[PDB]
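Engineer: Here goes the first bit of my complex:
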Amino acid sequence: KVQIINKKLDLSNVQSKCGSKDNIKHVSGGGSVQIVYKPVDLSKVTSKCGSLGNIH
Amino acid sequence: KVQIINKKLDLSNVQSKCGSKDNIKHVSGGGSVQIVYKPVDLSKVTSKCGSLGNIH
């Protein structure tokens, strides 16, 4: 059989019979507590501009 | 058989017989508590502009 794979950026997960226990028990803060659990961030924040002119 | 795959950006998950226990038990804050659990963020925030002119 012929096979071709062409990936630019690979984070593919493949598992079989895999266990995973993750605990976060006791977190205290005097101020502001922030907990971010398994985030995935593909967000873009862009500002394109073509031909900007600032004459004085 | 012939097969071709062409992916630019791969985070494909494939699992079989996989267990996963995730706990967040006790979180306290004096101020503001924020908990974000498994976020996925593909959000865009853009500002395109073509030919901006600022004459004075």
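Structural biologist: Yes, it's here. Residues are numbered from 1 along each chain as shown, chains lettered A, B, ... in the order given.

Engineer: List phi and psi for the residue of chain A found nearest chain B.
Structural biologist: In chain A, the residue that lies nearest chain B is residue A:33 (3.8 Å; CB to the nearest CB). C-betas here are computed from N, CA, C, even on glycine. Per-residue torsions, residue A:33: phi -100, psi 130 (degrees, to the nearest 10).

Engineer: quick one: the closest residue to it other than its chain neighbours and residue B:38, what's the gap?
Structural biologist: The shortest distance from residue A:33 to any non-neighbouring residue, by CB to CB, 6 or more residues apart in numbering or on different chains, is to residue B:29 (3.8 Å). As defined by CB to CB, to the nearest Å, residue B:29 lies at a distance of 21 Å from residue B:38.

Engineer: can you slot in chain C too:
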Amino acid sequence: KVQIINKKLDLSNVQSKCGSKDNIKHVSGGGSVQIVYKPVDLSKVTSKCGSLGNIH
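Structural biologist: Okay, chain C now, added to the rest:
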């Protein structure tokens, strides 16, 4: 058999016989508590403009 796949951005999930227990038991805040659970965010916030002119 012939097969061709062409994906730009892949987060496809494929599971079989997979268990997942997720708990968030005790969260307290003096101020404002915010809990965001498995969000998916494809939101866009854009501001296009072509040929902006600011003459003075």
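
Engineer: in chain A, which strand has the most residues?
Structural biologist: strand A:19-29 (DSSP state E).

Engineer: That one to strand B:19-29, inter-axis angle?
Structural biologist: Taking axes from the mean of the first three to the mean of the last three CA atoms, to 10 degrees, one finds strand A:19-29 and strand B:19-29 inclined to each other by 0 degrees.

Engineer: Next up, the contacts around residue A:36.
Structural biologist: Residue A:36 sits next to B:35-36, B:39 when contact means CB atoms under 8 Å, 6 or more residues apart in numbering or on different chains.

Engineer: Which members of those occur in helices, if any?
Structural biologist: Using DSSP state H, no member of those sits in helices.

Engineer: throw chain D on there as well:
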Amino acid sequence: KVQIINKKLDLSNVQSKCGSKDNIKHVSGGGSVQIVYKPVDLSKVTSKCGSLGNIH
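Structural biologist: Okay, here's chain D dropped in alongside the others:
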């Protein structure tokens, strides 16, 4: 058999015999409590403008 797939942005879920228990038991806030559970956000907020002129 011939097959062709062409996807720009894939988050397709495929499961079989999969269990998932999700709990949020005890959340307290002095102020404002906000809980957002499995949101999906494809919302757009745009402001297009062509040929903006500001002469003085």
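
Engineer: strands paired with the longest strand of chain A, and their directions?
Structural biologist: Using DSSP bridges, strand A:19-29 pairs in its sheet with strand B:19-29 (parallel).

Engineer: Alongside chain C, which residues does chain A contribute?
Structural biologist: Within reach of chain C by CB under 8 Å from any CB of the partner chain, chain A has these residues: A:12, A:32-33, A:40, A:42-43.

Engineer: In ChimeraX, select just the buried ones from the residues you listed.
Structural biologist: Typed into ChimeraX, the line below selects the buried ones among these, using 16 or more other CB atoms under 10 Å in any protein chain shown:
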select /A:33,42
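
Engineer: coming back round to it: so which bits of the longest strand of chain A are buried?
Structural biologist: A:27, A:29.
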